[PDB]
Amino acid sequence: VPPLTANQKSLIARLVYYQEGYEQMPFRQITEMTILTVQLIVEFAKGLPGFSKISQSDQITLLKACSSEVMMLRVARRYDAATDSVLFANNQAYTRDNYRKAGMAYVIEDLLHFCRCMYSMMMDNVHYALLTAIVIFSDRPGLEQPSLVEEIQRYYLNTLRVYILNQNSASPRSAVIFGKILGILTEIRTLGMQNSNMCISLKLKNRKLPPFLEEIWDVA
């Protein structure tokens, strides 16, 4: 059961540490709160070992693409089983109601399902943190240096792997735990698209998307 190298343990510690420090008419709210968190995400990303080794345009490539996906993780991470909903310190922004008062209520069910599904995995803040990193360093279209990013990503990937192996005594179930986590990367993709589709909808229905998002999530 190969232990976590002092280098990986410092990495886990680092991430778990900064994640805490980045916790948190209708449509008007949402759009603003999202911006706040999207900024917390961008900051968490920039302080991620490896983000620097990467080109400047590739950072924008990653931050732009991972923004919605990691957003989904953040919300999902605050799902309360008892009340079967999202208790995001409830700015009354990410609640069934506001999303209804904001029109986009259809989207609620798809979001909750993901919440229910992710919740059932029972992730550590470590599992969750490594995952957020791994998501950010995924192979996205238009990367000038895919090979590099893949490098950075593999370091987090292997950490997560070793952490799980140690947490389970090299139990066979390790591949299962590790596997389901990488599975989220896939479901996370469909949600991201759905996010894009909504933007495209506001476009042909002329809705107000603060230039911050208008830029980060494109418009063309």
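Numbers follow the displayed sequence, beginning with 1.
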Extent of unmodelled deposited sequence, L11 relative to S10 = none
On average, are the C-alpha B-factors higher in 59-67 or in 180-188?
-> 59-67
Stretch with the greater mean C-alpha B-factor as recorded in the entry, comparing 127-135 against 96-104 = 96-104
Comparing C-alpha B-factors across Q29, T159, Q153, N168 in this entry, the winner is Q29
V38: CA B-factor among chain residues, third -> middle
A81: CA B-factor among chain residues, third -> middle
Chain thirds of CA B-factor: placement of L148 = middle
